[PDB]
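Chemist: First the structure, then my questions, so here it is.
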Amino acid sequence: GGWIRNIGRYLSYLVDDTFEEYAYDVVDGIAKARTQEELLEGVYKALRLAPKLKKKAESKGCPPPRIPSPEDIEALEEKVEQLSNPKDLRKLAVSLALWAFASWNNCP
Amino acid sequence: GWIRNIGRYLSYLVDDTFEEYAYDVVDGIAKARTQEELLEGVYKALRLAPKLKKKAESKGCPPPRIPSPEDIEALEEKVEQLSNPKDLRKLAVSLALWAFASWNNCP
Amino acid sequence: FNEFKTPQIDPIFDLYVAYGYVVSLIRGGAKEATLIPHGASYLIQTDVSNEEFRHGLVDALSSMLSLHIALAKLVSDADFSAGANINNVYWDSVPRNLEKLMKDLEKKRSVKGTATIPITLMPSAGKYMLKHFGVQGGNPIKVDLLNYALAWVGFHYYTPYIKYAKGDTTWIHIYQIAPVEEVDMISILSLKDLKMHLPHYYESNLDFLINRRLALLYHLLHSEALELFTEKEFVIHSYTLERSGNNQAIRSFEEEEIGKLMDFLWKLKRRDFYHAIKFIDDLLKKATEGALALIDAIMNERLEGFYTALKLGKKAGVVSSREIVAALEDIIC
Amino acid sequence: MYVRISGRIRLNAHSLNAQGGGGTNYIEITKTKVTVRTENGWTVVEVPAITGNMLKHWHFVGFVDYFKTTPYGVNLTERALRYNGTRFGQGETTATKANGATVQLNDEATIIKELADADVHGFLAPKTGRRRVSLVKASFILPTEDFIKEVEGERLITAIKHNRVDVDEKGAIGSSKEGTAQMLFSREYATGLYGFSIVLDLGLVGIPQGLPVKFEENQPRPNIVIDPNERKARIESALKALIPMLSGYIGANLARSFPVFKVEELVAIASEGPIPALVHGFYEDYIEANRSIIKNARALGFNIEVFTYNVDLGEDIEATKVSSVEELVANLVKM
Amino acid sequence: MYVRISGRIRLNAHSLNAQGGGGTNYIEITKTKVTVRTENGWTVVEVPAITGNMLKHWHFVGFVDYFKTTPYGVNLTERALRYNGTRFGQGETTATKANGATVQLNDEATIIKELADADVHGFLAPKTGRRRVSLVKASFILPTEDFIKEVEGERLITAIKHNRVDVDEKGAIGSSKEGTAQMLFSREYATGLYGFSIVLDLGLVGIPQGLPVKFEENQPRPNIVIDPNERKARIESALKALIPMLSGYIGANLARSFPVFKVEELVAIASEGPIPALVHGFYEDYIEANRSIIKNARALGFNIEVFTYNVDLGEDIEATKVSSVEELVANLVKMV
Amino acid sequence: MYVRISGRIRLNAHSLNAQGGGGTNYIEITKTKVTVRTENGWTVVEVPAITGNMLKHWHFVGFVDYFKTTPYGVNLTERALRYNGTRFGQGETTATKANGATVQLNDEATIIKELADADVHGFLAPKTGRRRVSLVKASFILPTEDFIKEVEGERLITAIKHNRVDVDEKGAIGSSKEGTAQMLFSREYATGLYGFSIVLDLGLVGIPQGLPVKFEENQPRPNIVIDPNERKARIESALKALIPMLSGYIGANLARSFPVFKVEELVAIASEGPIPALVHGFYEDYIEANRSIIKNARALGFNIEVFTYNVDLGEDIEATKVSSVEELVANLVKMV
């Protein structure tokens, strides 16, 4: 519903260059989500690095990361609570995690 | 139609200049019957981006370019409504079809 | 309208004789000649005279015999002497029959004999025919020498074929293109352009001449006569002759179609030509299984065949450029 | 007696009825064109279809195998022992049995009395005519049109390559000049759900073709020129011949493939008199045709026993449930 | 005798019957299509499978392994001792025995007497034309329909990539221009619950196909060209060849893979006579079908002996609860 | 003398048989798909595991280590002395002996006589085609099914990040522009109660596969190209190679990881004649399967001996309780 791109923008900061933060394990966990609880755990692990990247973004002449809004969190919770089937859960978990590896122009 | 850009990225996994030969992902993306496994295969193919980046960087030729985020949502804005496998194959096979193109990468 | 009738004997030999009628007319002139298919009769309508038809026929026979004398009981490595005739006796029988026809016609004398028909002109023939409770000795089927010579002229001038030796054995693929609705003289001449003489390839690298469909694909790859098959409907009747240990027999008689393959080739080569023929030849030489999958996909409109062919080709030596991939994508629609 | 069995079967990973590839290193399975409707369109699909020649050959093999157990197996040609069955020819006027007994070909009655295979699968003598038709006939084995409609595309033909390594005395291998035999051939294995239909005229077994009845005492009783006990033994052997038929014993490449076989559904009609063939299993609506033809035949006065396996065929008809092929065999040996 | 076996085996992490060569990168495993219900129309799914050629070759290997220890092991082909399946290929007429003696491929009885591999597994003599139908027939190894329905198409293939450390004697990892072969390749390993079925026709061993009977005293005496003790020993060796069958010796790449095998359940029937073929384990409902088959056959007047492992079967017909493959082959050889 | 060993061993904080990254800082561990029975139906789960190739390589390392001390250790390969796993790469026809001499590859008997490593672990020489299968069979180190049942997966993976601090002479971390190598890689570690199984086919050492018997007067006998002392030394070294296998010498990263690698339980069989392999420790119900496969084997006439550690084997089975792998290998070498 448009929040996938917003959350993927923040997820891409966990693996892109110019950040010295190569967190691939969290991306693998959020992409290999077999059940909703571990998907939420991976989302929390990814979001725990929001201060980690926000504090150092201004320390290297880069714009602050686009931290997802609480509306994005609400949408994610609504989507998770309505998915009791791993079938569509797999593709939903793949969708946002795919945005991590992209050619984002974070630092001009 | 956002096909050449992703095809050239998938070509990075088959060309001999990248001595890793990621052929399983090509089979996964080509042999896709419904929505989930196609997305799984494309995610697996995209996950090896640092591999290609550090392989080209450590070899001399310019590093490969990741598919742009602008057509990332374009991939999921169409494949969602391809409920029928018959018309889904037209793109699932084509994704690997464009993975074997020439795609000159390094001089 | 002279509207020549064609004997109704065998829709393959019938096709050969009715389909060499056109070249006989052309060599004698006979403008505005057309062919109406009658299922098997394959009648031809034209405004030529009988003497003019005979003059064209003797011109064709003169050209054929002049070609035959180029190689040497005289045995030549030509289409109608030994290239297509799998039986050794026909290598001498056919030239004698043709020169007899020449001698008879040049003296304004109609032929008054009948001769055996080889399996090359009509695979439906052979050595034995079931009458009631067994076969007939010798060769039961016989044809008048005039139609025999006309069908031989048509086969030599129009129908492409391929011979692959591979040591003791021998494979001969024979292809004939059959119109189904209607054709004029220019169409039939365009089909005649496909015929190329002395296709005795042998060697060992070109071992892909087996798998008849693959062989015809290879032959049609280097042919650029006319994209007539996209505007007219044509079929292909093809068959194989094998001489494994002097055991002359036919093992394949499938009836495929030529429109789809020509359409595919034209669509693929419309983008790039340098990367088309080299691509196809490399894939044929290296990935024979990939080539079989590709031709199966072409004849069946199957998506997985193209992917399998490209994967197998890229495994060994195939570059598989971008433009051909784009052409394949466009064909996929 | 007269029985007719038509149904749909499930088999996969088979190389049945290939084109041999005697001179070509590539072995091709049968390739056939089948016309099918495609929602207002008459398209053609290239799928394998197994010839009934191999089906009849394997039925004869099963019959000759089951006829050895019975004590009345002496009346059998020595040719049939080797899975042969040419049955003479132009230059043959003498029949050799298993024990090596000379049999003349003057009349069909003596031939069928002394030979059992010729009585079932027929024979001919071009020297003197006296042709006899086969009492067992089998149709082609092709995928049903419903399966073709459901699958539409897809290769469903796997080309698997197998090599033949042959090293020298110590370890040396050779390609084309060391004199060894090293070939890398390819086999096409097919899949899909097929449809079959077979007709077995056991009612004419042991009766000369030219003399169906005697009609000497004003009663046209059947002309059973052979002994009734061994006649019934022949009937039982021919019935049990179907046991190595719906089990995976059909075709070639049995040593290397042995196809995974399981019959899905079938309908069989058995009667003591002549009865029509129902339908080939290729058609998707063949159940309705079966029901209609059975109803018509029963309305025309035919005492038909209907055995159905994994198919309803309507509740109005008197259909007997069949658990498996052995159940049908057990139900058939009663008559 | 005639014995038929059908059951399920739990097999995982196996690169059996690979397609790509040793030097070819990304060594690919064979796949076969299977037709399944999936509570809708018959759908075709491509799944990894094991060809019957491998099973036949490994049965031959086990047969020669268990026949060499027998006193009659000298009556064997030289190629059999090499575990080579090339039995009288194209371009030869005389063959070599195990001890080096020559054998003529002219009379089938002599071939099956002096050689045992060509008897049990059949043979072909293209130069002469002599042939023998194999008495051992092995089916494909397909995953069960219920299992493939449950997995709902989850690949079930692991493409594990590995290489070597081929290095120059000086300690430098050379390129293709140095002389090393440090190349990257992959191997495909499969997993799942497979079904197996193999049939044996040992009742016709030692019997030429040209003359199955002799008819000396007007009785159906079989034409046993070999000694009855030799025939019994060959039958026992063939039956004991099933011991390494369901143990982990029915595939290739055993040195680097050694696939993990475990028989879950199976059935076997033998009656020293004609017997209907058992239903393959690829079908989920094979238990009831086989129960019906072996109950009707027994009711038809057949002395069918049934040994079942880890299945209730019908719990009313004569079935012996066998515990392992070794006990099953012991029961099979006890009734010779 | 043939040996088949199986059992369960616990691994903690292990990074054995990883991908190594190559072009990434994240060092992935090898993953394989295994089948779990499950109360809800058969399923497939991706778990870390160690391929049999690494186990075979480490067995080879242990064998050469224990064979160098032997007086006949000179008959080895320079590559074998250098712990190189390649044997007769493409394009080569000669072997570099441990003594420095040159060994021809035109005869397999000479190779197995002068190269103990090629005799034991097999070899392949494509240039001359000389092939010899390995006498040691190593299975995949797979986590046992009941362990997955108990833990419900838990992802069994930890990622630990380590930096590579490149301090120059001036004591600076650099900025990827002066020549520094300051990066941050990650290593993947796993744990679990895995199952292991090995097969020692120690019956063909010194015996060429092209001629196992001589048949001087129709009496079978092994054809050994070496003196019996060398055969005994090779057998003892191969059996002792298990000592640096069940103590912590499996897998890579021994410098940093060095897995805990404690043996939990083991059952082994040893017999002079041919014997079937045991069931792998991955399946929970394999101890009873082992008992059924050894008692039945003893019921056919196999002179077998069973060594058990942490497994009771009941009371009917005559098995010796072995305290540790040292007594196990001592018993193994005791029976020649």
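As shown in the structure tokens, the chain order sets the letters A, B, ...; within each chain, residues go from 1, and ligands are also counted from 1 in the order they appear.
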Chain E least-squares fit onto chain F, all C-alpha atoms in order: RMSD in Å?
Modeler: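 So the superposition leaves a C-alpha RMSD of 0.9 Å.
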Chemist: Find the spatial neighbours of range 60-64 of chain E, counting only C-alpha atoms, within a cut-off of 6 Å - ignore same-chain residues fewer than 6 positions away - and output them as a ChimeraX atom specification.
Modeler: /E:83,237-238,241
Chemist: Work out how far apart CA of residue 82 in chain D and CA of residue 209 in chain E are and give it in Å to one decimal.
Modeler: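 So the answer is 5.8 Å.
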Chemist: May I ask you to extract the residues of chain E within 10 Å of chain C, using only C-alpha atoms, and to give them as a compact mmCIF listing (two decimals) with C-alpha atoms, in the first residue's frame?
Modeler:
# COMPACT_ATOMS: atom_id res chain seq x y z
CA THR E 24 31.22 -29.17 -16.31
CA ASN E 25 30.27 -26.44 -13.85
CA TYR E 26 26.97 -26.69 -11.95
Chemist: Within 6 Å of chain A, which residues of chain B show up? Give each one with its shortest atom-to-atom distance in Å (one decimal) and the two atoms involved, counting only C-alpha atoms, rows by chain then rising residue number, as a Markdown table.
Modeler:
| residue | atom | partner | partner_atom | distance |
| --- | --- | --- | --- | --- |
| B:36 | CA | A:91 | CA | 5.2 |
| B:43 | CA | A:98 | CA | 5.8 |
| B:66 | CA | A:103 | CA | 5.5 |
| B:68 | CA | A:103 | CA | 5.2 |
| B:69 | CA | A:102 | CA | 5.5 |
Chemist: Would you mind listing, as a ChimeraX atom specification, all residues of chain A that have at least one atom within 9 Å of chain F, where only C-alpha atoms are what counts?
Modeler: /A:20-25
Chemist: Include N, CA, C and O atoms and write out the residues we just selected as a PDB file, in the first residue's frame.
Modeler:
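Writing done, so here's selection.pdb:
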ATOM      1  N   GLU A  20      29.296   2.237   6.399  1.00  0.00           N
ATOM      2  CA  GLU A  20      30.119   1.376   7.251  1.00  0.00           C
ATOM      3  C   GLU A  20      29.268   0.486   8.153  1.00  0.00           C
ATOM      4  O   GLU A  20      29.691   0.106   9.247  1.00  0.00           O
ATOM      5  N   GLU A  21      28.063   0.146   7.698  1.00  0.00           N
ATOM      6  CA  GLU A  21      27.144  -0.723   8.433  1.00  0.00           C
ATOM      7  C   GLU A  21      26.674  -1.800   7.461  1.00  0.00           C
ATOM      8  O   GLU A  21      25.709  -1.601   6.718  1.00  0.00           O
ATOM      9  N   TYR A  22      27.366  -2.938   7.462  1.00  0.00           N
ATOM     10  CA  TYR A  22      27.052  -4.047   6.563  1.00  0.00           C
ATOM     11  C   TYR A  22      26.307  -5.114   7.361  1.00  0.00           C
ATOM     12  O   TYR A  22      26.880  -6.090   7.845  1.00  0.00           O
ATOM     13  N   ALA A  23      24.997  -4.911   7.496  1.00  0.00           N
ATOM     14  CA  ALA A  23      24.138  -5.821   8.251  1.00  0.00           C
ATOM     15  C   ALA A  23      23.338  -6.664   7.262  1.00  0.00           C
ATOM     16  O   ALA A  23      22.211  -6.338   6.885  1.00  0.00           O
ATOM     17  N   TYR A  24      23.945  -7.770   6.833  1.00  0.00           N
ATOM     18  CA  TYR A  24      23.290  -8.700   5.924  1.00  0.00           C
ATOM     19  C   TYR A  24      22.498  -9.780   6.648  1.00  0.00           C
ATOM     20  O   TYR A  24      21.553 -10.329   6.070  1.00  0.00           O
ATOM     21  N   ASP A  25      22.864 -10.098   7.892  1.00  0.00           N
ATOM     22  CA  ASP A  25      22.143 -11.122   8.639  1.00  0.00           C
ATOM     23  C   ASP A  25      20.704 -10.698   8.910  1.00  0.00           C
ATOM     24  O   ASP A  25      19.783 -11.521   8.836  1.00  0.00           O
TER      25      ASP A  25
END
Chemist: Give the residues of chain B that lie within 12 Å of chain D; count only C-alpha atoms, and format the answer as a list in words.
Modeler: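 So the contacting residues turn out to be residues 31, 33, 85, 86, 87 and 89 of chain B.
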Chemist: Restricting the calculation to only C-alpha atoms, which member of E:280, E:298, E:187, E:82 is positioned closest to chain B?
Modeler: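 Smallest separation from chain B among the options: E:187.
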Chemist: Write out as a PyMOL selection string all residues of range 112-159 of chain F that backbone DSSP assigns to strand (DSSP E).
Modeler: chain F and resi 123-125+130-132+136-138+142-143+157-159
Chemist: Just asking: which residues within range 81-268 of chain E are helix (DSSP H, G or I) according to DSSP, as an MDAnalysis selection string?
Modeler: chainID E and resid 81 108:114 117:120 145:151 202:204 228:240 245:247
Chemist: Near range 31-37 of chain D, counting only C-alpha atoms, which residues have an atom at most 7 Å away, once you skip same-chain residues fewer than 4 positions from it, shown as a list in words?
Modeler: residues 41, 42, 43, 44, 45, 46, 47, 48, 49 and 145 of chain D
Chemist: What separation in Å, quoted to one decimal, exists between CA of residue 75 in chain C and CA of residue 203 in chain C?
Modeler: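 These two atoms are separated by 22.1 Å.
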Chemist: Quick check: residues of chain C within 7 Å of chain D, only C-alpha atoms, returned as a list in words.
Modeler: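 Every residue of chain C that passes the 7 Å test is in residues 133, 134, 210, 244 and 302 of chain C.
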Chemist: Store the residues picked out above in a file with C-alpha atoms, as a short mmCIF file (atom, residue, chain, number, x, y, z; two decimals), in the first residue's frame.
Modeler:
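Generated file (part33.cif):
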data_model
loop_
_atom_site.label_atom_id
_atom_site.label_comp_id
_atom_site.auth_asym_id
_atom_site.auth_seq_id
_atom_site.Cartn_x
_atom_site.Cartn_y
_atom_site.Cartn_z
CA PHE C 133 -2.35 -62.82 -49.90
CA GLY C 134 1.25 -61.85 -50.50
CA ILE C 210 21.05 -36.43 -38.11
CA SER C 244 23.15 -48.82 -42.62
CA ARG C 302 6.66 -23.54 -25.88
#
Chemist: Distance limit 6 Å, atoms considered: only C-alpha atoms. Which chain E residues sit that close to chain D? Return them as a list in words.
Modeler: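 Taking only C-alpha atoms into account, residues 52, 53, 137, 139, 209, 210, 276, 277, 293 and 296 of chain E sit within 6 Å of chain D.
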Chemist: Give me the residues within 10 Å of residue 260 in chain C as a PDB file with C-alpha atoms, in the first residue's frame, counting only C-alpha atoms and dropping any in the same chain fewer than 3 places off.
Modeler:
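Okay, this is what ended up in selection_6.pdb:
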ATOM      1  CA  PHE C 229       5.533 -18.404 -46.064  1.00  0.00           C
ATOM      2  CA  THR C 230       4.208 -15.497 -43.971  1.00  0.00           C
ATOM      3  CA  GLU C 256       5.831 -30.898 -40.207  1.00  0.00           C
ATOM      4  CA  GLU C 257       5.126 -27.346 -41.411  1.00  0.00           C
ATOM      5  CA  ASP C 263       8.474 -16.857 -39.449  1.00  0.00           C
ATOM      6  CA  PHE C 264      10.679 -17.513 -36.414  1.00  0.00           C
ATOM      7  CA  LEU C 265      13.869 -17.172 -38.456  1.00  0.00           C
ATOM      8  CA  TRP C 266      12.721 -13.932 -40.085  1.00  0.00           C
ATOM      9  CA  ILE C 298       9.335 -23.382 -32.333  1.00  0.00           C
ATOM     10  CA  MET C 299       7.054 -26.138 -33.620  1.00  0.00           C
ATOM     11  CA  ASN C 300       4.988 -26.255 -30.407  1.00  0.00           C
ATOM     12  CA  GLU C 301       5.070 -22.606 -29.207  1.00  0.00           C
TER      13      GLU C 301
END
Chemist: Could you please select, counting only C-alpha atoms, the residues of chain E within 6 Å of chain F and state them as a list in words?
Modeler: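 Going by the stated atoms only, the list reads residues 12, 158, 192, 244, 255, 256, 257, 258, 326 and 327 of chain E.
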Chemist: CA of residue 7 in chain B and CA of residue 152 in chain E are how many Å apart?
Modeler: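 Atom-to-atom, CA of residue 7 in chain B to CA of residue 152 in chain E, that is 28.3 Å.
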Chemist: Could you pull the residues within 12 Å of residue 66 in chain A, counting only C-alpha atoms, minus those fewer than 4 positions along the same chain, as an NGL selection string?
Modeler: :A and (3 or 5-13 or 47 or 50-51 or 53-54 or 57 or 62 or 72 or 104 or 106)
